[PDB]
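Every chain is numbered from 1, with letters handed out A, B, ... down the list of sequences.
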Amino acid sequence: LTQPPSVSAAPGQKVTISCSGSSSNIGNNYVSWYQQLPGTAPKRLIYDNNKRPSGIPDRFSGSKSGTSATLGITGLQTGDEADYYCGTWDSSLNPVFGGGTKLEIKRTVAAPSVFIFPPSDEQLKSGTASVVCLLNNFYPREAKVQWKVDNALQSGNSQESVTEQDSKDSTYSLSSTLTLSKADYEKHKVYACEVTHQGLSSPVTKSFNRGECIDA
Amino acid sequence: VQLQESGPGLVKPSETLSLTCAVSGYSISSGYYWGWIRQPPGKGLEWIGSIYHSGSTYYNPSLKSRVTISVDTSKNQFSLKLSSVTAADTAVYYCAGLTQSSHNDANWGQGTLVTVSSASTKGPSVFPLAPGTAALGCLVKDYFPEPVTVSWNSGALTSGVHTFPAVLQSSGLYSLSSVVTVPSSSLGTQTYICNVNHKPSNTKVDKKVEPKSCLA
């Protein structure tokens, strides 16, 4: 069973997600659909091609035509971001599943709020320094973070992680972590992260000087 | 009716993966089927096997020689044994089962991550990310395997919380950060505690995050 990897539309709009199979699975057998929100188990939206389980709103609909099946979602809203899976039975009447489709809500552009965190004295005593740059509540996902230490561009010693679209406002957040040894951290003064994003007229920089802060 | 997977989150290569699904609120001998489905990180769903009302079992042909599914009536549980595991068996494993009627929603367990690796368990170190809006958080560093769970103020604080996907460091250990944005005016009066649990190492920590003394 093949599904498109992703679909997207604005709040209030409709999307369709299609599921291509063969005469041996979708062709002969019933199709179900599942919603999988981040970190949760699949939840059935549709069974027997077009039936809704109790508690599933009629914003969700299913249909089946030949060796294909379709899930429709109308009135898109900020809790609909999830992976959507088609499911049916194969020739042996064993369960098979599509590869899943990630739904993105196309909301309005939002600029990130940027925060920087020096390493804790507590960590420094452990011999390492993690410097963290937080980019909070932005849209769309595309963002660039650039680290500089005493004006030296850092390349290769940072890692970033991005949340899924927020269940409340459909934004993303991103955290970038710069890793240095304690010895290296204590050799430099100025630590800065520079953020570029659609919502910003120009790049935003947050910085600190080593020595300005002490643990509580 | 409630399904709950239990078993080790770390298994060494060539050894046997054992999981159990405890079923609450419904008899195990009254199920249409009980079964297992897995989902490798970032990927889709793969059926492993099922056991039917009579005790008859059906397995995924690509896994058949390695899979055993059985039921314990007295404990009202069913199990999965997957022998000779390799890194390719790393996945979130879900137990599932159908009750009451043919058209009823099957219930799912929470899913349990099983990592197949020759690396050993390691508990995390927890470091504070100390602070009209202020951001604060915790850095949960150098643990193995996934996952860790993070909450704030024992679940009382959920608004504005972002817990990022873990990043695999070049060291082969994971790190994760969790942040929350709060009113700046609350920093002097409200206590913020990040609650961290890493079940594979039996490590639980409650870390108070206190504002730094910072003169910039």
- [ ] Could you check if a side-chain atom of A:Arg52 sits within less than 4.5 angstrom of a side-chain atom of A:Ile46, using non-hydrogen atoms only?
- [x] yes
Task: salt bridge (charged side-chain N to carboxylate O under 4.0 Å, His left out) assessment of B:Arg38 paired with B:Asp89 - done: CA-CA 9 Å; B:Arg38 74 181 180 185; B:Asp89 296 307; 2.8 Å; yes
- [ ] Using distance alone, with no hydrogens and no angle criterion, decide if A:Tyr85 and B:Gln39 have a side-chain donor and acceptor under 3.5 Å apart.
- [x] yes
- [ ] Take A:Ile73 and A:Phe60 through the side-chain contact (heavy atoms from CB on, under 4.5 Å) test and state the conclusion after the steps.
- [x] CA-CA 5 Å; A:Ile73 307 170; A:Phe60 298 92; 3.8 Å; yes
Task: Distance, nearest 0.5 Å, that separates SG of B:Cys95 from CD of B:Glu5 - done: 3.5 Å
Task: Electrostatic pair A:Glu164-A:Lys102, nearest N-O below 4.0 angstrom - done: yes
TODO: Check whether any side-chain N or O of A:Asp48 sits under 3.5 Å from a backbone N or O of A:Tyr30 as a donor-acceptor pair, and report yes or no.
DONE: no
Open item on the list: Once ring-ring contact (aromatic ring centres under 6.0 Å, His included) is applied, do any residues pair with B:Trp152, and if so which ones, sequence neighbours excluded?
Closed with: none
Task: Atom NZ of B:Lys199 with >12 non-hydrogen neighbours under 6.0 angstrom - done: no
TODO: For A:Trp147, check ring-ring contact (aromatic ring centres under 6.0 Å, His included) against everything at least two apart and list the hits.
DONE: none
Task: Residue pair B:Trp34 / B:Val23, side-chain heavy-atom distance below 4.5 Å - done: yes
- [ ] Show your working on side-chain contact (heavy atoms from CB on, under 4.5 Å) between A:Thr101 and A:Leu71 and close with a plain yes or no.
- [x] CA-CA 11 Å; A:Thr101 298; A:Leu71 176 71; over 6 Å; no
- [ ] Tell me, with the steps shown, if B:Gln190 and B:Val182 meet side-chain contact (heavy atoms from CB on, under 4.5 Å).
- [x] CA-CA 10 Å; B:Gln190 180 61 242; B:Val182 299; over 6 Å; no
Task: Presence of salt bridge, A:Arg107 and A:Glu81, under 4.0 angstrom - done: no
Task: Exam field: side chain A:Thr67 to backbone A:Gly27, donor-acceptor pair closer than 3.5 Å - done: no
TODO: Using the disulfide bond (SG atoms under 2.5 Å apart) rule, collect all pairs that involve residues 54-89 of chain A, keeping only residues at least two apart or in two chains.
DONE: A:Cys19-A:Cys86
Task: Mutual orientation of the aromatic rings belonging to B:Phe144 and B:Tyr174 [parallel < 30°, tilted 30-60°, perpendicular > 60°] - done: parallel
Task: Over 12 non-hydrogen atoms of neighbours within 6.0 angstrom of CG in A:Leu153 - done: yes
Table please: side-chain donor-acceptor pairs of residues 177-184 of chain A below 3.5 Å, with sequence neighbours left out.
| from | atom 1 | to | atom 2 | distance (Å) |
| --- | --- | --- | --- | --- |
| A:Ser181 | OG | A:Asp184 | N | 3.1 |
| A:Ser181 | OG | A:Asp184 | OD2 | 3.4 |

TODO: Would you tell me whether B:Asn195 and B:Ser151 have side-chain atoms, one donor and one acceptor, within less than 3.5 Å of each other?
DONE: yes
Open item on the list: Rounded to the nearest 0.5 Å, what separates atom OG in A:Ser61 from atom CD1 in A:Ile56?
Closed with: 12.5 Å
Open item on the list: Using modelled atom types and a 3.5 Å cut-off, is there a donor and acceptor pairing between side-chain atoms of B:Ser184 and backbone atoms of B:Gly132?
Closed with: yes
Task: Note, B:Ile37 side chain near B:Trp47 side chain (heavy atom, < 4.5 Å) - done: yes
- [ ] Apply salt bridge (charged side-chain N to carboxylate O under 4.0 Å, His left out) to A:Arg59 and list each qualifying residue two or more places apart in sequence or on a separate chain.
- [x] A:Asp80
TODO: Kindly compute the distance separating CZ (B:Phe127) from OG (A:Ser120), expressed to the nearest 0.5 Å.
DONE: 6.0 Å
TODO: Quick one: pull up CG in A:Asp83 and NZ in B:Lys43 and give me the separation to the nearest 0.5 Å.
DONE: 14.5 Å
Open item on the list: Is the shortest side-chain heavy-atom distance between A:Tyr172 and A:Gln165 below 4.5 Å?
Closed with: yes
Open item on the list: Just verifying a value: how many Å separate A:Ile26 CD1 and A:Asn49 CG, rounded to the nearest 0.5 Å?
Closed with: 9.5 Å
TODO: Nearest 0.5 Å please: distance from the CG atom of A:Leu174 over to the CZ atom of B:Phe164.
DONE: 6.5 Å
- [ ] Kindly give the heavy-atom pair with the smallest separation between B:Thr163 and B:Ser178, and that separation in Å.
- [x] OG1-OG, 2.8 Å
Open item on the list: Side chains of B:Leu136 and B:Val180, heavy atoms from C-beta outward: is any pair under 4.5 Å?
Closed with: yes
- [ ] Measure the shortest side-chain to side-chain distance between A:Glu104 and A:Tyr139 over non-hydrogen atoms and say whether it is less than 4.5 angstrom.
- [x] yes
Side-chain donor-acceptor distances from residues 192-200 of chain A under 3.5 Å, at least two apart:
| from | atom 1 | to | atom 2 | distance (Å) |
| --- | --- | --- | --- | --- |
| A:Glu194 | OE1 | A:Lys148 | NZ | 3.4 |
| A:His197 | ND1 | A:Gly199 | N | 3.0 |
| A:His197 | NE2 | A:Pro140 | O | 2.9 |

Open item on the list: Does anything in residues 24-46 of chain A form a salt bridge (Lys or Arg N to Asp or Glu O under 4.0 Å)? List the pairs, not counting sequence neighbours.
Closed with: A:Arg44-B:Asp105
- [ ] Over all heavy atoms of both residues, which pair between B:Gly109 and B:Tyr94 is shortest? Give the atoms and the distance, please.
- [x] O-CD2, 3.7 Å
Task: Donor-acceptor contact below 3.5 Å, side chain A:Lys189 vs main chain A:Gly211 - done: no
Task: Test item: A:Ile105 and A:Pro11 side chains (from C-beta on) under 4.5 Å apart, heavy atoms - done: yes
- [ ] Give every residue pair that meets the salt bridge (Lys or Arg N to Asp or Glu O under 4.0 Å) criterion with at least one member in residues 133-147 of chain B, sequence neighbours excluded.
- [x] none
Task: ring-ring contact (aromatic ring centres under 6.0 Å, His included) involving A:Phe208 - partner list, sequence neighbours excluded - done: A:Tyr191
Task: Distance-only side-chain donor-acceptor flag, B:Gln4 / B:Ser24, under 3.5 Å - done: no
- [ ] Provide the full list of side chain to side chain donor-acceptor pair (under 3.5 Å) pairs with a residue in residues 8-21 of chain A, sequence neighbours left out, each pair given once.
- [x] A:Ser18-A:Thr70
Hey, can you pull the donor-acceptor pairs under 3.5 Å for the side chains in residues 12-21 of chain B, sequence neighbours left out?
| from | atom 1 | to | atom 2 | distance (Å) |
| --- | --- | --- | --- | --- |
| B:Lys12 | NZ | B:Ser117 | O | 3.1 |
| B:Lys12 | NZ | B:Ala119 | O | 2.6 |
| B:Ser18 | OG | B:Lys81 | NZ | 3.2 |
| B:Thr20 | OG1 | B:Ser6 | OG | 2.7 |

Open item on the list: Under the criterion side-chain contact (heavy atoms from CB on, under 4.5 Å), I'd like the reasoning laid out for B:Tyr93 against B:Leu82: C-alpha separation, chi angles, the key distance, then a yes or no.
Closed with: CA-CA 11 Å; B:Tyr93 287 74; B:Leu82 181 67; 3.7 Å; yes
Open item on the list: Holding to ring-ring contact (aromatic ring centres under 6.0 Å, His included), I want the full list of residues that pass it with B:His198, two or more places apart in sequence or in another chain.
Closed with: B:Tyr143
Open item on the list: Looking only at the side chains, is there a donor atom on one of A:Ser173 and A:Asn136 sitting less than 3.5 Å from an acceptor on the other?
Closed with: yes
Open item on the list: With heavy-atom distances below 4.5 Å as the criterion, would you say the side chains of B:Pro211 and B:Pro131 are in contact?
Closed with: yes
